[PDB]
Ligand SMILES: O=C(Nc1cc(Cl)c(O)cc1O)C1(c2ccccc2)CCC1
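Just the one chain here, the form solved without the ligand, laid out as structure tokens.
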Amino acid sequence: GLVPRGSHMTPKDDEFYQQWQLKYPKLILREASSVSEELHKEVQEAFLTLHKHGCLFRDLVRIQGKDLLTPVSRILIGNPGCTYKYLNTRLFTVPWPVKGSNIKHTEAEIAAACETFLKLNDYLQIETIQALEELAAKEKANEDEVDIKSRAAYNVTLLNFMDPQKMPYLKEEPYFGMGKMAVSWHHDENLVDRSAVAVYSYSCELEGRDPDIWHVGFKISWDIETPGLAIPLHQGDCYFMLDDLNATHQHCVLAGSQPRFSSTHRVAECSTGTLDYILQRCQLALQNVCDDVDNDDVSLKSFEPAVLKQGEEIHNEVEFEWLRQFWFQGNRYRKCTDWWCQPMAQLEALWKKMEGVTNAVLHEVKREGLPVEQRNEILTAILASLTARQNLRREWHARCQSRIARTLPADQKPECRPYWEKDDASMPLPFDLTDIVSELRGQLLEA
């Protein structure tokens, strides 16, 4: 009555190394020994420094339609202006000193910790490039270099902390008997295609895997028959997911007994995920506006269907992918940096102008001498956007009010911003668009 595994291998197993070579050869390990002790010291002090200053936060994430606080605490450090979205939650970088950077005030050591993980970034990048080089050499032996450079060009690291003591609510691994999970089976999302990932692991201080020691687990996608690998991690071990590993396999993190930090360096796919990018989108939308002076008499250059559609889509993007994402996190990074404070003021102001634009379009649609054909063209151009705007607003209000969110501290409690009451003359349109959307449809049905 024995079947395909339902089991896992560790180094305690003879088959371990050969299974590693045959079924997970794009997973690479570099033991703590291969990293200079000086770098170890700076990186671990930087972990503890960011921990004492309270810079790591559990994210109020979303999964299969459920609001869930993560057991693990996190901070995103990386290129200025860059974001990384996972589980419907866009993390904004705490900036690190990339060349030609602006020294935006931060707590004393905080900036020095960010500088440190930049240093670790450079290092791991060198290692990753070396390993992909070696990997290709094997490839050509048995059977571009710009591709390598870019698949290793880490623009962010996502730091994680868990204390299994003060966070004892951990799920059991369901397929292979690997025990307690800090992070369940997953692929890392929103990374550049075929990009590598590098993880520096930092633990503080018989059948199957040792439950007291931290491991990273690996399995093949769709496959619980091939035995999973449970890799032991100690103080300063590094692992690397190369090439298509992250796509073809899943990984998890198995909890040990002691606290542990990790630094997971990534090539975030940020083509719609940078400040410069969303600023350019806002400028594009506002091209349709007469911009001599900034005031409330917003007047539009064209009502061509395509230009209005584009404008209302950009309105949506800045509102929900940026403003609401930033403020849903209650301004926690204000604890680490001020970098995003002016950028978010400026995006909020660009957004307010856009509430202005929408209003202008709604006045036009209701205009006396407007041939009903052109009117119908406008409605059909904008209706999808306005309806998606209304639904996404209902969802963010709720997500800000969930019973789980109200239980967060005052430093991290969500902020449903921007938000205004119906008795607010400062804003040209109501927050609740259901009336407006209904009317627009009733018209499009009109004989």
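Note that residue numbering follows the sequence shown and begins at 1.
One more form of this protein exists, namely the form solved in complex with the ligand; it is left out here, but the text below deals with it.
Contact with the ligand in the deposited complex, judged by any heavy atom within 4.5 Å, is made by just one of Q287, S101, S184, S257: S184. A single residue from the set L39, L48, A384, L68 has any heavy atom within 4.5 angstroms of the ligand in the deposited complex; that residue is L68. Judged by heavy atoms within 4.5 Å of the ligand in the deposited complex, the contact stretch among the candidates 39 to 47, 394 to 402, 412 to 420, 58 to 66 is 58 to 66. The ligand is not drawn, but in the deposited complex it has no heavy atom within 4.5 Å of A360.
None of the heavy atoms of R334 is located within 4.5 Å of the ligand in the deposited complex.
Looking at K352, you'd find every heavy atom of it more than 4.5 angstroms from the ligand in the deposited complex. Although the partner is absent here, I126 lies well away from the ligand in the deposited complex, with no heavy atom inside 4.5 Å. Counting a residue when any of its non-hydrogen atoms is within 4.5 Å of the ligand in the deposited complex, the one hit in 73 to 97 is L87.
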